[PDB]
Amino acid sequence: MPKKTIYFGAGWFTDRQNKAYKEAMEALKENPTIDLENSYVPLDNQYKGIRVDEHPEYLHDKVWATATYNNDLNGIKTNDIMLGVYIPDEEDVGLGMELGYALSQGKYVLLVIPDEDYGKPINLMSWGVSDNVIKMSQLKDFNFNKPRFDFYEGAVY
């Protein structure tokens, strides 16, 4: 079985983001086409091991910002697939940027929306950058070796 690596594109700044984050991670553990061990998870790759939520002194540190921004870009570019955990009511400017960068690096761009939200309107530009969008409950079985383009079954705004 060939396995692909991913970049774990996900916000961690609301309750629904954190729920979706936890679910997507569990799905990837169970997906046999994914090497999660060798995938890039931003939250474990922040500069110096520090997160600005737990250490607000780094809010103005430009070294921390430079290194953590660069590590994320590096995580996208050196992994096979771009994953975006996407909350339609709570869309993330950071993830938006990362989607655009992933496009520029020739990565498959897959959005995953919580089942409770799948079908709701999403930003036109998210719709467009995406190669495909699926429900959280499809993530454990998604075949990352044969990724295809498909349209969201949903509206844009």
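Each residue number is its position in the shown sequence, starting from 1. C-alpha atoms forming the largest set that superposes within 1.5 Å between two forms make up the rigid core.
- In terms of root mean square C-alpha deviation after superposing on the rigid core in 5 other deposited structures of this protein, the stretch standing farther out between 43-51 and 106-114 is 43-51.
- After superposition on the rigid core, the larger root-mean-square Cα deviation in 5 other deposited structures of this protein belongs to 54-62, not to the other of 27-35 and 54-62.
- If you average the C-alpha B-factors over 56-64 and over 102-110, the higher value belongs to 56-64.
- Per-stretch averaging of Cα B factors for 119-127 and 45-53 places 45-53 on top.
- Among all modelled residues in this chain, the alpha-carbon of residue 24 has a temperature factor (C-alpha) in the highest third.
- The PDB entry assigns residue 148 a C-alpha temperature factor belonging to the middle third of its chain's modelled residues.
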